[PDB]
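**Q** Below is the file query-v6.pdb, which contains PDB, C-alpha atoms.
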ATOM      1  CA  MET A   1       0.000   0.000   0.000
ATOM      2  CA  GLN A   2       1.202   3.487  -0.872
ATOM      3  CA  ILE A   3       1.858   6.073   1.844
ATOM      4  CA  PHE A   4       3.162   9.633   2.012
ATOM      5  CA  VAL A   5       5.758  10.578   4.607
ATOM      6  CA  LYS A   6       6.140  14.357   4.697
ATOM      7  CA  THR A   7       8.685  16.283   6.733
ATOM      8  CA  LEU A   8       8.399  19.920   7.852
ATOM      9  CA  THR A   9      11.574  20.578   5.863
ATOM     10  CA  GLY A  10       9.445  20.383   2.744
ATOM     11  CA  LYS A  11      10.024  16.881   1.446
ATOM     12  CA  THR A  12       7.655  14.009   0.743
ATOM     13  CA  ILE A  13       8.549  10.321   0.534
ATOM     14  CA  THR A  14       6.455   7.699  -1.256
ATOM     15  CA  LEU A  15       6.837   4.075  -0.189
ATOM     16  CA  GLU A  16       4.932   0.844  -0.758
ATOM     17  CA  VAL A  17       4.563  -0.423   2.795
ATOM     18  CA  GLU A  18       2.614  -3.473   3.893
ATOM     19  CA  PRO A  19      -0.368  -3.622   6.321
ATOM     20  CA  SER A  20       1.584  -5.749   8.810
ATOM     21  CA  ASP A  21       4.852  -3.893   8.190
ATOM     22  CA  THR A  22       6.560  -2.741  11.368
ATOM     23  CA  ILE A  23       7.462   0.929  11.848
ATOM     24  CA  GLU A  24      11.060  -0.267  12.012
ATOM     25  CA  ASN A  25      10.777  -1.635   8.466
ATOM     26  CA  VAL A  26       9.122   1.579   7.296
ATOM     27  CA  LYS A  27      12.211   3.546   8.284
ATOM     28  CA  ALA A  28      14.309   0.916   6.527
ATOM     29  CA  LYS A  29      12.506   1.701   3.280
ATOM     30  CA  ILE A  30      13.275   5.421   3.582
ATOM     31  CA  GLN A  31      16.877   4.466   4.352
ATOM     32  CA  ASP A  32      16.955   2.447   1.133
ATOM     33  CA  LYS A  33      15.560   5.311  -0.957
ATOM     34  CA  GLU A  34      16.450   8.731   0.523
ATOM     35  CA  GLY A  35      19.342   7.128   2.400
ATOM     36  CA  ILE A  36      18.149   8.529   5.710
ATOM     37  CA  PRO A  37      19.400   6.596   8.795
ATOM     38  CA  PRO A  38      16.427   4.867  10.537
ATOM     39  CA  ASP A  39      18.007   5.690  13.890
ATOM     40  CA  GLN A  40      17.834   9.363  12.921
ATOM     41  CA  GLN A  41      14.252   9.027  11.708
ATOM     42  CA  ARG A  42      11.413  10.234  13.897
ATOM     43  CA  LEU A  43       7.988   9.143  12.702
ATOM     44  CA  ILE A  44       5.333  11.325  14.275
ATOM     45  CA  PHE A  45       1.600  10.706  14.016
ATOM     46  CA  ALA A  46      -1.380  12.561  15.535
ATOM     47  CA  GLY A  47       1.076  14.615  17.587
ATOM     48  CA  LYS A  48       2.938  11.736  19.199
ATOM     49  CA  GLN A  49       5.895   9.584  18.174
ATOM     50  CA  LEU A  50       5.449   6.063  16.798
ATOM     51  CA  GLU A  51       7.108   3.010  18.327
ATOM     52  CA  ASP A  52       9.697   1.161  16.207
ATOM     53  CA  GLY A  53       8.475  -2.221  17.421
ATOM     54  CA  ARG A  54       4.887  -1.506  16.379
ATOM     55  CA  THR A  55       2.965  -2.019  13.141
ATOM     56  CA  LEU A  56       1.287   0.426  10.767
ATOM     57  CA  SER A  57      -2.161  -1.071  11.411
ATOM     58  CA  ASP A  58      -1.442  -0.571  15.125
ATOM     59  CA  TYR A  59      -1.991   3.141  14.670
ATOM     60  CA  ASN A  60      -4.773   2.703  12.091
ATOM     61  CA  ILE A  61      -2.275   3.652   9.392
ATOM     62  CA  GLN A  62      -3.775   2.738   6.037
ATOM     63  CA  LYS A  63      -3.130   3.486   2.377
ATOM     64  CA  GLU A  64      -2.595   7.097   1.224
ATOM     65  CA  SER A  65      -1.888   7.997   4.866
ATOM     66  CA  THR A  66       0.485  10.804   5.770
ATOM     67  CA  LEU A  67       3.241  10.346   8.338
ATOM     68  CA  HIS A  68       5.301  13.190   9.771
ATOM     69  CA  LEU A  69       9.035  12.718   9.441
ATOM     70  CA  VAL A  70      11.561  14.535  11.598
ATOM     71  CA  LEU A  71      15.333  14.338  11.210
ATOM     72  CA  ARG A  72      16.919  13.671  14.596
ATOM     73  CA  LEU A  73      20.584  14.313  13.896
ATOM     74  CA  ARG A  74      22.583  13.461  16.998
ATOM     75  CA  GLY A  75      25.436  15.801  17.824
ATOM     76  CA  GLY A  76      24.208  18.257  15.230
TER      77      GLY A  76
ATOM     78  CA  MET B   1      14.080  37.023  24.170
ATOM     79  CA  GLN B   2      10.713  35.342  23.758
ATOM     80  CA  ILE B   3      10.076  32.402  21.458
ATOM     81  CA  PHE B   4       6.919  30.677  20.280
ATOM     82  CA  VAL B   5       6.582  26.994  21.091
ATOM     83  CA  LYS B   6       3.790  25.485  19.006
ATOM     84  CA  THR B   7       2.885  21.815  19.257
ATOM     85  CA  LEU B   8       2.014  19.673  16.241
ATOM     86  CA  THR B   9      -1.467  19.236  17.674
ATOM     87  CA  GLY B  10      -2.400  22.765  18.690
ATOM     88  CA  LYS B  11      -0.832  24.909  21.408
ATOM     89  CA  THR B  12       1.326  28.037  21.639
ATOM     90  CA  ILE B  13       3.628  28.551  24.613
ATOM     91  CA  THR B  14       5.669  31.709  25.207
ATOM     92  CA  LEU B  15       8.701  31.947  27.510
ATOM     93  CA  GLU B  16      11.861  33.995  28.006
ATOM     94  CA  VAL B  17      15.017  32.388  26.671
ATOM     95  CA  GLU B  18      18.552  33.683  26.213
ATOM     96  CA  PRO B  19      20.430  33.714  22.863
ATOM     97  CA  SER B  20      23.071  31.458  24.410
ATOM     98  CA  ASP B  21      20.428  29.245  26.035
ATOM     99  CA  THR B  22      20.518  25.486  25.596
ATOM    100  CA  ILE B  23      17.776  23.294  24.137
ATOM    101  CA  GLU B  24      17.778  21.270  27.360
ATOM    102  CA  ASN B  25      17.341  24.453  29.405
ATOM    103  CA  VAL B  26      14.504  25.566  27.127
ATOM    104  CA  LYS B  27      12.636  22.352  27.928
ATOM    105  CA  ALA B  28      13.355  22.951  31.612
ATOM    106  CA  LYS B  29      11.739  26.382  31.422
ATOM    107  CA  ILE B  30       8.662  24.932  29.716
ATOM    108  CA  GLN B  31       8.443  22.386  32.529
ATOM    109  CA  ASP B  32       8.359  25.187  35.093
ATOM    110  CA  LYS B  33       5.382  26.580  33.204
ATOM    111  CA  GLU B  34       3.269  23.907  31.468
ATOM    112  CA  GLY B  35       4.660  21.241  33.790
ATOM    113  CA  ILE B  36       5.521  19.093  30.774
ATOM    114  CA  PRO B  37       8.516  16.778  31.469
ATOM    115  CA  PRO B  38      11.560  17.674  29.281
ATOM    116  CA  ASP B  39      11.837  13.961  28.415
ATOM    117  CA  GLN B  40       8.556  14.239  26.515
ATOM    118  CA  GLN B  41       9.388  17.561  24.873
ATOM    119  CA  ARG B  42      10.590  17.239  21.285
ATOM    120  CA  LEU B  43      11.780  20.498  19.731
ATOM    121  CA  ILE B  44      11.348  20.598  15.961
ATOM    122  CA  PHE B  45      12.812  23.178  13.597
ATOM    123  CA  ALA B  46      12.291  23.014   9.830
ATOM    124  CA  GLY B  47      11.623  19.269  10.026
ATOM    125  CA  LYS B  48      14.828  18.751  11.984
ATOM    126  CA  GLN B  49      14.963  17.963  15.688
ATOM    127  CA  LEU B  50      16.956  20.228  17.980
ATOM    128  CA  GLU B  51      19.866  18.537  19.740
ATOM    129  CA  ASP B  52      19.261  18.817  23.485
ATOM    130  CA  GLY B  53      22.915  19.694  23.981
ATOM    131  CA  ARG B  54      22.998  22.480  21.392
ATOM    132  CA  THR B  55      22.300  26.184  21.846
ATOM    133  CA  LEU B  56      19.550  28.404  20.423
ATOM    134  CA  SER B  57      21.960  30.724  18.595
ATOM    135  CA  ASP B  58      23.714  27.620  17.251
ATOM    136  CA  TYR B  59      20.523  26.793  15.376
ATOM    137  CA  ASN B  60      20.165  30.451  14.374
ATOM    138  CA  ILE B  61      17.121  30.767  16.625
ATOM    139  CA  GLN B  62      16.453  34.446  17.240
ATOM    140  CA  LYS B  63      13.787  36.426  19.066
ATOM    141  CA  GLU B  64      10.159  35.931  18.001
ATOM    142  CA  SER B  65      11.025  32.566  16.446
ATOM    143  CA  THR B  66       8.458  29.781  16.211
ATOM    144  CA  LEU B  67       9.487  26.226  17.064
ATOM    145  CA  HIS B  68       7.448  23.036  16.849
ATOM    146  CA  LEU B  69       6.859  20.847  19.895
ATOM    147  CA  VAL B  70       5.995  17.167  19.717
ATOM    148  CA  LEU B  71       4.868  15.060  22.666
ATOM    149  CA  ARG B  72       6.848  11.833  22.882
ATOM    150  CA  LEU B  73       4.511   9.395  24.592
ATOM    151  CA  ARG B  74       5.291   5.704  25.103
ATOM    152  CA  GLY B  75       3.623   3.524  22.485
ATOM    153  CA  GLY B  76       2.094   6.564  20.836
TER     154      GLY B  76
END
Show how you would write the structure in this file as structure tokens.

**A**
Amino acid sequence: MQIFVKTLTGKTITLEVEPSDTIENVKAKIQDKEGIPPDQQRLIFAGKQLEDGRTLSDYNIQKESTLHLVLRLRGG
Amino acid sequence: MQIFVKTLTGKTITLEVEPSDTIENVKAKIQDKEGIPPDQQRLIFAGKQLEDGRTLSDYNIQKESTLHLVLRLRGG
């Protein structure tokens, strides 16, 4: 299923995630494409932060959904 | 100087911070006001998270600047 991860920096990411795909694997996809380190990725939804060990369907995340991405660069 | 702390959900907090203030200290000041624990305070600037150990002027944060605040809850 397609999803749209938009960051406040002004960048959107389009990935084909799976219903039972863990948040951890979602970050992995971004890492594969944009090359953004999953450990530096902060997926925010509804105003809170998502848990790496959780699934998309855990937060009612479906197709065409929008996830907020924040770059957490450590030491800078 | 005063800055604007706006959450991703909907809230605008205003406090007095120094140019050489630290992100960690900023969260501490917000805790003295809104009572929100600094551990749950996520400072966002242009889609990038603010390093807790960095300074406001290091991020080019001046007076009357608006920052985003995200609540980091466990499990979301």

**Q** Within 10 Å of chain B, which residues of chain A are there when counting all atoms listed in the file? Please give them as a ChimeraX atom specification.

**A** /A:6-11,40-42,44-54,58-59,68-76

**Q** Pairing every Cα of chain B with chain A in order, what RMSD remains after the least-squares superposition?

**A**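 Result: 0.9 Å C-alpha RMSD.
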
**Q** Which value, in Å to one decimal, gives the distance between atom CA of residue A:61 and atom CA of residue A:3?

**A**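 One can read the atom CA of residue A:61 to atom CA of residue A:3 distance as 8.9 Å.
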
**Q** To test your reading of the syntax: which residues would the PyMOL selection byres ((chain A and resi 56) around 9) return for the file shown? Reply as a VMD selection string.

**A** chain A and resid 17 to 23 26 54 to 55 57 to 62

**Q** Would you write out those residues with C-alpha atoms, as a PDB file, in the frame of the given file?

**A**
ATOM      1  CA  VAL A  17       4.563  -0.423   2.795  1.00  0.00           C
ATOM      2  CA  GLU A  18       2.614  -3.473   3.893  1.00  0.00           C
ATOM      3  CA  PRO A  19      -0.368  -3.622   6.321  1.00  0.00           C
ATOM      4  CA  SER A  20       1.584  -5.749   8.810  1.00  0.00           C
ATOM      5  CA  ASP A  21       4.852  -3.893   8.190  1.00  0.00           C
ATOM      6  CA  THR A  22       6.560  -2.741  11.368  1.00  0.00           C
ATOM      7  CA  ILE A  23       7.462   0.929  11.848  1.00  0.00           C
ATOM      8  CA  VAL A  26       9.122   1.579   7.296  1.00  0.00           C
ATOM      9  CA  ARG A  54       4.887  -1.506  16.379  1.00  0.00           C
ATOM     10  CA  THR A  55       2.965  -2.019  13.141  1.00  0.00           C
ATOM     11  CA  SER A  57      -2.161  -1.071  11.411  1.00  0.00           C
ATOM     12  CA  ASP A  58      -1.442  -0.571  15.125  1.00  0.00           C
ATOM     13  CA  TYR A  59      -1.991   3.141  14.670  1.00  0.00           C
ATOM     14  CA  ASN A  60      -4.773   2.703  12.091  1.00  0.00           C
ATOM     15  CA  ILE A  61      -2.275   3.652   9.392  1.00  0.00           C
ATOM     16  CA  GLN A  62      -3.775   2.738   6.037  1.00  0.00           C
TER      17      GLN A  62
END

**Q** What are the centre and edge lengths in Å, to one decimal, of the axis-aligned box around all listed atoms of stretch 54-59 of chain A with 6 Å added on each side, as lines of an AutoDock Vina configuration file?

**A**
center_x = 1.4
center_y = 0.6
center_z = 13.6
size_x = 19.0
size_y = 17.2
size_z = 17.6

**Q** Check which residues satisfy the PyMOL selection byres ((chain A and resi 14) around 9) in the file shown, then give them as a list in words.

**A**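 In the shown coordinates, the PyMOL selection byres ((chain A and resi 14) around 9) covers residues 2, 3, 4, 5, 6, 12, 13, 15, 16 and 30 of chain A.
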
**Q** What is the distance, in Å and to one decimal place, between atom CA of residue B:67 and atom CA of residue B:1?

**A** 13.7 Å
